[PDB]
């Protein structure tokens, strides 16, 4: 029988309740989280139902997501505390959304998330709801979810929301699996068919996590994909013996680690292209930490939970699962974050350096390859963010305004690259003869030495400088806990060409000959150009140029304009939290 015999069988089982109640009693953070979620439930009890109302885009997705949060939080509070105001509020919400004319299947994410919300509450309140509500909910799940997805599996093309390569596949198949399992005792044959088709089609999306767990589309996209993926993984682990092998797909084991490990210690996101912080507190992290035995991720997510509660941050629609999924594990003292690791991806390789995290002033550095012709990308191959003492000493200026004239004209001669934020002049990489990178090139990791005493990695950037250089290689080397060396090897096509080493910063800048001192809130960082001999740093403010740009304020640029003997040589810059890098 391919489901647990009794409700609740979805995400937080009956058998799991005893241990969760003990955590709430015995673990302060879990206890604080329980009280926090109970208080959220308290206001949800007295919050109006949402009218069926499409947004400017023609869908109700925001409303479905609202009900995921409302129904999950209310039903959790009823299971943990037994106060019938939580049950009755969930009953009212269930009847309300079942009396919607539809769950807007023309934009099927709407149906996927509404079915998820409804299935969870139905399952979690099964013995505690009026029979008339259970009858109506079962019929709505059957007609609006199970019947539709069975048709979609049989008739849908590869472009179908159940089969395409985008995260719609994961979200929709997940919502359908949860709906099917929620009413499985009444539709067991349908639930088995849906389980098998979900496992068949979901790899069309999830194969793109291979090999190392990188989500090219960025953290918001990752957060939506994996919040629903973890519901699926947990549900089929609990109900179907893990059949279908989704959990073992290459890259999935490492994907939460990627998200945690690519933040600076102070929490700053590598905001390249149009990436931005919005996905923070999805409970997916606790499923990954438990299923793949990564206490490092659990410990990091608990810190995020504390901050979410302390600063009253916005909640992921599935945030309520953080409590039943609570993972109290921590890494052992002996376990260390590697000094250097690389996350390979077909579009942009990601490089991550860590000096000894237990030594104050040690360096964190993250850098990227990339393909600038891809959507939303910048001419930023080789750029890096370095952090020490809680300060990001180099920057990424983020995306500019999507409304700008020619913002999408991404051809090599296109208007997109005239904007500072889009081109390499704002990024921490090379400009030859004060020109932009070639938009149709790429930078990628071509050599790695992650186990050396001074670990290093080499990027091939040649094709980003196609008309200017016959080869361009950038090597990052961690010389010690406090010091990174960047070696650019450039074979110029013209021996008089100038190689500009550029970096952006929000720190105060003092330059003198081949040295830079950066200052921020009394903390310092240092840079020294050691090759070619006699090179000089200058500095100047970044500024706006074209009307309609997001304001560019508080950014300073560093630039070393370097000639190379015979047009062939090296630019070598050492960077350290200590002034002496001899």
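Residue numbers count along the first chain shown, from 1.
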>> Per the record, averaged over C-alpha atoms, which has the higher B-factor: 354 to 362 or 455 to 463?
In response: 354 to 362
>> Comparing average C-alpha B factors as deposited, tell me which of 275 to 283 and 383 to 391 sits higher.
In response: 275 to 283
> From 175, 130, 331, 324, which pick has the Cα B-factor that tops the rest in the entry?
Replying inline: 331
> Highest Cα B-factor in the deposition, which of 368, 139, 151, 85?
Replying inline: 151
> How does residue 53 rank on Cα B-factor within its chain, lowest, middle or highest third?
Replying inline: highest
> Taking the C-alpha B-factors as the PDB entry records them, is residue 546 in the lowest, middle or highest third of its chain?
Replying inline: highest
> Lowest, middle or highest third: where is residue 62 by C-alpha B factor in its chain?
Replying inline: highest
>> Ranking every modelled residue in this chain by its Cα temperature factor as given in the entry, which third contains residue 407?
In response: highest
> Among the modelled residues of its chain, does the C-alpha B-factor of residue 182 lie in the lowest, middle or highest third?
Replying inline: lowest
